[PDB]
Amino acid sequence: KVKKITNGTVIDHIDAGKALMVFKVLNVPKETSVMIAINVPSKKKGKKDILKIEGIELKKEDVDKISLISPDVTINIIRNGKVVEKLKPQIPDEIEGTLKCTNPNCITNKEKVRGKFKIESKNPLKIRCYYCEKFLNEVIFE
Amino acid sequence: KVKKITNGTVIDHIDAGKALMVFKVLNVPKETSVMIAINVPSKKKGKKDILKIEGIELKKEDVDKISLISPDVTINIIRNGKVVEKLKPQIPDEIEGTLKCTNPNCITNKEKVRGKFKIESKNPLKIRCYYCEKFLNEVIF
Ligand SMILES: Nc1ncnc2c1ncn2[C@@H]1O[C@H](COP(=O)(O)OP(=O)(O)OP(=O)(O)O)[C@@H](O)[C@H]1O
Ligand SMILES: Nc1ncnc2c1ncn2[C@@H]1O[C@H](COP(=O)(O)OP(=O)(O)OP(=O)(O)O)[C@@H](O)[C@H]1O
Ligand SMILES: Nc1ncnc2c1ncn2[C@@H]1O[C@H](COP(=O)(O)OP(=O)(O)OP(=O)(O)O)[C@@H](O)[C@H]1O
Ligand SMILES: Nc1ncnc2c1ncn2[C@@H]1O[C@H](COP(=O)(O)OP(=O)(O)OP(=O)(O)O)[C@@H](O)[C@H]1O
Ligand SMILES: [Zn+2]
Ligand SMILES: [Zn+2]
Ligand SMILES: [Zn+2]
Ligand SMILES: [Zn+2]
């Protein structure tokens, strides 16, 4: 019924309604061919989102960023139209820049100091700002 | 192969890379099931985007908004899994506010002034701001 990917990545089992957030964070080149399924059937999740990206094999850094958005996705490496590998995003121990400290008065939001964070818990996800040492109350990609 | 739309809308022939902007302006309910194809083959346009929405038949207002973003779209109404009607957008001659002038120096972008544009050409689409007289370099709501 539709053009099957030859070479690329299929980010499957994304929590329903979060594919657009994931896609934005990945920030792929403008001419990239992509298929985005939102709120579609899932035997495992009931409903889910899917991101199919042609011609790109995500780098570790991008892969792991996804873990901060949807903790149970399956990264499917496609080659010759076949799934040759399934990866799970890793929640990093530390993060450079990337996120916004949710403390309005943090030195990183008042001065020119790049963000720095540390993950202190994976489930639930708890991220502490290195500088003000306050936990983020939300995950925000800068 | 993939699940088809049973009842809803298939917005076809969207200019490549513009489906997300179109989807954003439609602002559909959070639980809406959707399929977005970006930069896919098209005999008619070489490359294009396609937006498929289950459970929603776009209202005229939305239809005409889409055209400003992508003038050659085809609105396909789906019922019982079949395209029962093929709609073409109507491009207005004038526009009140709605769009943001793409000229940073325009008064509308420095003071709180209600935008106003004139469509001087639909093929190709040329939208002129009444205040600064400059043509939009992009359709922004
Ligand atoms: N070449 C391809 N082009 C586009 N989509 C593909 C391709 N290969 C498989 N997929 C997608 O990758 C995902 C996983 O494929 P498979 O690994 O075939 O699913 P499962 O359903 O067998 O995997 P899970 O058991 O879901 O990991 C599915 O969502 C599938 O539609
Ligand atoms: N390119 C696509 N366009 C439209 N719908 C799609 C596309 N690819 C996958 N789907 C739909 O996504 C749903 C899940 O397919 P898969 O992901 O194939 O189910 P599973 O049952 O393999 O998923 P679980 O592994 O159950 O999440 C199906 O309804 C399928 O038709
Ligand atoms: N029930 C459906 N579910 C999902 N997609 C559909 C469904 N019916 C048809 N479409 C899509 O709607 C668009 C128009 O269908 P048709 O009108 O069948 O295509 P054409 O290619 O025959 O139309 P054009 O000649 O492209 O207007 C196509 O992109 C088609 O794949
Ligand atoms: N849900 C989908 N998932 C992935 N790819 C899709 C999906 N629906 C359609 N496509 C792709 O969109 C492209 C155009 O299909 P159609 O829209 O069927 O072509 P046309 O030749 O009918 O288009 P024109 O009418 O030529 O734009 C094809 O490559 C098709 O496989
Ligand atoms: Zn599956
Ligand atoms: Zn801080
Ligand atoms: Zn067609
Ligand atoms: Zn202006």
Side-chain angles (χ1 to χ4, degrees), chain A residues 1-58 62 69-70 73 76 78 80-83 138 141, chain B residues 1-56 58 69-70 76 78 80-83 137-141:
Chain A
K1 265 188 55 52
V2 302
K3 263 59 172 184
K4 192 168 185 176
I5 292 188
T6 300
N7 293 157
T9 297
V10 172
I11 306 166
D12 194 11
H13 309 300
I14 300 171
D15 293 336
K18 291 191 172 300
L20 291 172
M21 193 186 235
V22 173
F23 187 57
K24 184 192 177 186
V25 176
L26 294 178
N27 192 189
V28 303
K30 54 191 174 187
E31 56 299 305
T32 314
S33 192
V34 180
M35 123 57 209
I36 310 178
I38 305 181
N39 290 143
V40 300
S42 177
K43 289 304 303 175
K44 304 175 187 176
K45 311 164 60 56
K47 287 203 301 290
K48 69 176 176 178
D49 282 21
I50 311 178
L51 270 180
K52 308 200 185 187
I53 311 174
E54 168 71 53
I56 295 178
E57 47 189 58
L58 305 178
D62 290 318
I69 306 178
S70 198
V73 309
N76 292 281
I78 309 293
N80 291 302
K82 299 300 185 64
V83 177
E138 167 174 30
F141 288 85
Chain B
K1 188 172 184 179
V2 303
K3 193 55 56 185
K4 63 196 298 73
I5 294 287
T6 299
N7 296 88
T9 300
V10 169
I11 305 174
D12 199 359
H13 311 309
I14 297 171
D15 298 327
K18 298 180 184 177
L20 291 174
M21 174 70 266
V22 170
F23 188 53
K24 184 173 183 175
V25 300
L26 295 179
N27 190 287
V28 307
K30 300 177 181 180
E31 194 168 297
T32 309
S33 187
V34 182
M35 188 301 288
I36 309 177
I38 305 178
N39 287 144
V40 298
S42 172
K43 300 173 67 296
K44 298 177 177 61
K45 301 165 61 60
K47 287 184 183 177
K48 71 171 173 179
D49 284 17
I50 312 176
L51 181 52
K52 310 193 180 184
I53 307 167
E54 175 75 47
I56 299 176
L58 273 58
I69 306 178
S70 183
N76 295 281
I78 314 295
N80 303 157
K82 295 175 295 179
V83 179
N137 55 50
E138 182 185 305
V139 175
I140 309 176
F141 291 79

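Every chain is numbered from 1, with letters handed out A, B, ... down the list of sequences. Values reported hereafter were calculated over all heavy atoms of this structure, with side chains retained and with hydrogens, waters and symmetry mates removed.
Listed here is the closest heavy atom pair of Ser33(B) and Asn39(A): OG-O, 3.2 Å.
With a 4.5 angstrom heavy-atom cutoff, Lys52(A) does not touch chain B via any of its atoms.
Shown here is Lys18(B), whose NZ atom has more than 12 heavy atoms of other residues, nucleotides or ligands within 6.0 Å. Residue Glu31(A) places its CD atom among more than 12 non-hydrogen atoms of other residues, nucleotides or ligands, all under 6.0 Å distant. Other residues, nucleotides and ligands contribute over 12 non-hydrogen atoms within 6.0 Å of the CG atom of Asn137(B). Within a 6.0 Å radius of NZ in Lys3(B), other residues, nucleotides and ligands contribute 12 heavy atoms or fewer.
Interface remark: of the candidates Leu20(B), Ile38(B), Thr32(B), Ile38(B) forms the most heavy-atom pairs closer than 4.5 Å to chain A.
Using modelled atom types, one side-chain atom of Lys1(B) and one backbone atom of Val2(A) make a donor-acceptor pair closer than 3.5 Å.
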